[PDB]
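Some notes on the structure that comes next.
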Amino acid sequence: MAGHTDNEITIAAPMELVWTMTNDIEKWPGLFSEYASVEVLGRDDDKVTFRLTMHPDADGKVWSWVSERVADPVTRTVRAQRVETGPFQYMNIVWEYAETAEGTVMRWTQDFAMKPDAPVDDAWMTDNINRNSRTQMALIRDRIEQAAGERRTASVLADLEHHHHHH
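Residue 5 is where the sequence shown starts when you use the working numbering, and the numbers rise one by one after that.
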């Protein structure tokens, strides 16, 4: 009735592009095939509140839910909590970015608690999540890494000479 799934994956993309790309929810449909539209309801500075709209079901009914994605710059943490949720009694998706020697390690800490009409013991979800995470996170991993390879971002050359100014 509560599963802590912590799927971490290493990316060779600079923090800047990692942060800005994941904050740009409007380009999510270009990385995530799971959704159809990402609508920005409002941006409360740190809180980017969006509506995740999917493709219609077998009856032609479109599915969508509101979720709050909080950008916590201090700990390099993103907190995406779902406002609307059914089978998942609790769900807070914490994306922590860990600046490591290999690159930016992206940690998907999914704190979810299933119980309301949950046919799974949470562990069932975690197992599938671990597997699918490798699929989706690697997809995004290369996707954004290719973007960081396409656009050089900031390298050790822009500040090759420091400004010699403490003011």
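Quick reminder that beta carbons are idealized off the backbone N, C-alpha and C, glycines included.
Looking at the DSSP output, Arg145 shares a beta bridge with no other residue. The alpha-carbon separation between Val52 and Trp23 amounts to approximately 13 Å. If you check the CB distance, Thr14 and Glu106 come in under 7 Å. About 13 Å separates the beta carbon of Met118 from that of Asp131, a gap too long to meet the 8 Å contact definition. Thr139 sits exposed, since fewer than 16 C-beta atoms from the chains shown fall within 10 Å of its C-beta. Taking 7 Å as the cut-off, the Cβ atoms of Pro120 and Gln85 do not count as close.
As for any beta strand (DSSP E) of minimum length 3 sitting wholly inside the region 40–71, the runs are 41–48 and 51–57, ordered along the chain.
The Cβ-Cβ distance between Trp112 and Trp128 does not fall below 7 Å.
According to the DSSP secondary-structure assignment, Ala102 is paired through a beta bridge with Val109.
CA-CA distance, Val74 to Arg80, rounds to 11 Å.
In the three-state DSSP reduction, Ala152 falls in the helix class (H, G or I).
Taking a C-beta distance under 7 Å as the contact criterion, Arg156 and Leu35 do not qualify as a contact pair.
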